[PDB]
Protein chains: 2
Amino acid sequence: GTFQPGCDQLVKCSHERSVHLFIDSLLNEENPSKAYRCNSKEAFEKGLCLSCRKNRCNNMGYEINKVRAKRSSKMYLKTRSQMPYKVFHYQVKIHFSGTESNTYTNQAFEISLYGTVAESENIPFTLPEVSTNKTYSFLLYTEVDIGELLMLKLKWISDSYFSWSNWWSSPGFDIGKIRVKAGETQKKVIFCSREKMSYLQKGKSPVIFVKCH
Amino acid sequence: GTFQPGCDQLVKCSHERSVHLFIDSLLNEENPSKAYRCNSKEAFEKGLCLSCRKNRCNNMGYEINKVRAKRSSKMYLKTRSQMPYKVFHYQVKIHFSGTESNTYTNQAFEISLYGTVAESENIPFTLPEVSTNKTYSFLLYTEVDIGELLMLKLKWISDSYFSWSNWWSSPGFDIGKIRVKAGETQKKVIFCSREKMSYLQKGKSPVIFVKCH
């Protein structure tokens with residue numbers, strides 16, 4: 001609710017989204033845009049609140065379900081800057097493990113999504129305060145339909161560009177599992193790798209995870 | 001003594017080397033070509049017999065030292081196919097160590113030599129029956145003067161060329177030390193690495209060793 005990602009016509013840009021999000025909900029009858037109930041803006045970015053039970057996860061716009069409540073009801077979603085205003089929502093939980101206890105910060109990752117219908121290749125995200133023997137979670141979104149997930153790359157890129165940077169042996173970790181919980185279709189898949197290539201290292205080849213169970 | 005690496009003029013090629021190795025010994029007064037005493041042709045290739053004490057390691061040609069013996073005296077050296085017929089001789093002992101007990105065979109290595117005067121970059125050699133917790137030795141020669149050794153790369157190349165070959169995580173080892181014994185100047189240096197990049201892996205970046213003591 002702070003602003004909208006499209007900002008005299010440019011002056012009133014993010015005041016007409018409350019009409020262009022309703023015209024889209026009137027046009028797209030068969031495809032609703034779900035909105036998710038959370039408790040604060042900062043908690044929704046961590047993705048701890050993608051729960052669609054007990055009068056949560058209502059729709060947005062004309063196709064909303066008549067559900068009364070007892071208090072104020074803050075609900076959240078993300079959008080896109082063009083005329084189809086629907087994005088999907090994915091939760092990714094990552095288990096870090098290793099031996100060398102070394103904390104870092106502001107590391108940039110790149111992830112892919114490989115599914116039945118189509119694929120998403122180069123979604124960027126960052127995580128501060130990475131360390132061993134932890135369990136981190138975040139929120140991830142996209143605009144291409146997937147279906148059901150099959151595989152998932154994971155690449156930890158390098159900020160340095162110099163020809164020096166191939167040496168001074170890079171930090172690395174030992175990733176075991178990734179828990180993925182989809183937004184709309186409440187499926188909780190488990191991803192893992194084989195007993196080879198299970199060592200993510202910065203500026204190296206990415207790991208490749210498959211459907212584990 | 002089987003043949004010489006240069007083979008009607010081409011018919012009598014390796015029968016005139018016994019004159020062209022003597023004319024070179026007459027011309028190069030200041031630079032003698034040492035020959036090394038061993039016990040068999042197969043043992044000299046392993047480099048177990050570069051020992052220059054107790055009436056061993058005589059010269060070759062006109063500048064030979066008058067030393068009598070009790071029995072037959074087989075002596076060995078290597079040469080080059082051109083008019084300077086002198087090559088140097090280096091012994092390299094490599095300690096393999098690791099965890100995964102997996103034997104291999106016919107693996108090709110590439111090594112470099114970095115010294116005070118000049119450098120030698122891409123000397124090839126092979127070793128059959130590589131495995132963990134062993135100590136292997138061989139013989140190495142070159143035709144460029146070095147002086148005293150400073151650093152030494154070690155690269156284990158990949159036979160495969162396909163774009164497939166980046167996966168199926170490659171075998172690797174944990175190399176601790178390399179003992180190097182020079183031929184003429186009897187110096188026994190010790191090489192090691194830092195506590196990083198000490199993991200030689202096939203088709204990856206090579207390790208770099210320095211003067212350790």
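Heads up, residue numbers simply count up from 1 along the chain you see.
If you're wondering, the header gives electron microscopy, 3.8 Å.
Cβ atoms here come from the backbone N, Cα and C positions, even for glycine.
Under the heading active site, charge relay system, Swiss-Prot lists A:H15, citing sequence analysis as support. The number of other Cβ atoms within 10 Å of the Cβ belonging to A:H15 (active site, charge relay system), over all protein chains shown, comes to 10.
For A:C7-A:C13 (among others), the entry in Swiss-Prot reads disulfide bond, with the evidence type experimental evidence. Taken residue by residue with DSSP, A:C13 (disulfide bond) is part of a helix. The C-beta environment of A:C13 (disulfide bond), restricted to residues of the same chain at least 6 apart in sequence and closer than 8 Å, consists of A:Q4, A:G6, A:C7.
The disulfide bond feature in Swiss-Prot is assigned to A:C38-A:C57 (among others). In the three-state DSSP reading, A:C38 (disulfide bond) counts as coil.
According to DSSP, A:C52 (disulfide bond) is assigned to coil rather than to any helix or strand. Listed in sequence order, A:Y36, A:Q186 are the same-chain residues six or more apart from A:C52 (disulfide bond) with CB atoms under 8 A from its CB. Marked as disulfide bond by Swiss-Prot on the basis of experimental evidence: A:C49-A:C52 (among others).
Annotation comment: Swiss-Prot describes A:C192-A:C212 (among others) as disulfide bond. The local packing around A:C212 (disulfide bond), expressed as other Cβ atoms within 10 Å of its Cβ over all shown chains, amounts to 12.
As annotated by Swiss-Prot, domain 'PLAT' applies to A:88-211.
According to Swiss-Prot, the feature N-linked glycosylation site maps to A:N31 (among others). Sequence-distant contacts of A:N31 (N-linked glycosylation site), defined by Cβ-Cβ distance under 8 angstroms and a gap of at least six in the same chain, are A:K86. According to DSSP, A:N31 (N-linked glycosylation site) sits in a coil region rather than a helix or strand.
According to Swiss-Prot, the feature N-linked glycosylation site maps to A:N133 (among others), an assignment based on experimental evidence. Contacts of A:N133 (N-linked glycosylation site) defined by a Cβ separation under 8 A and a same-chain sequence distance of 6+ are given as A:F96, A:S97, A:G98, in order along the sequence.
The 3'-nitrotyrosine annotation in Swiss-Prot covers A:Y90, and the record cites similarity to another entry as its basis. The secondary structure of A:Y90 (3'-nitrotyrosine), as reduced to three states from DSSP, is extended strand.
Residues annotated as region 'Important for interaction with lipoprotein particles' in Swiss-Prot: A:164-168.
Residues 50, 90-95, 149, 152, 154, 187-192, 209, 212 of the same chain sit 6 or more residues outside the region 'Important for heparin binding' (A:177-181) yet have a Cβ under 8 Å from a Cβ within it. Annotation comment: Swiss-Prot describes A:177-181 as region 'Important for heparin binding'.
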Quick check: of the recorded positions listed here (A:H15, A:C49, A:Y90, A:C192, A:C212), which one has the Cα closest to that of A:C38 (disulfide bond)?
A:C49
Does DSSP give A:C192 (disulfide bond) helix, strand or coil?
strand
So among A:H15, A:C49, A:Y90, A:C192, A:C212, all listed as recorded positions, which is physically nearest to A:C57 (disulfide bond)? Use the C-alpha atoms.
A:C49
Where among the disulfide-bonded residues A:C7, A:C38, A:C49, A:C57, A:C192 do you find the Cβ with the fewest other Cβ atoms within 10 Å?
A:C7
Quick one: DSSP breakdown of the region 'Important for heparin binding' (A:177-181) into helix, strand and coil?
0 helix, 5 strand, 0 coil
When the Cα-Cα distance from A:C212 (disulfide bond) is computed for each of the recorded positions A:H15, A:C49, A:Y90, which gives the smallest value?
A:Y90
Summary of DSSP states over the region 'Important for interaction with lipoprotein particles' (A:164-168), given as helix, strand and coil counts:
3 helix, 0 strand, 2 coil
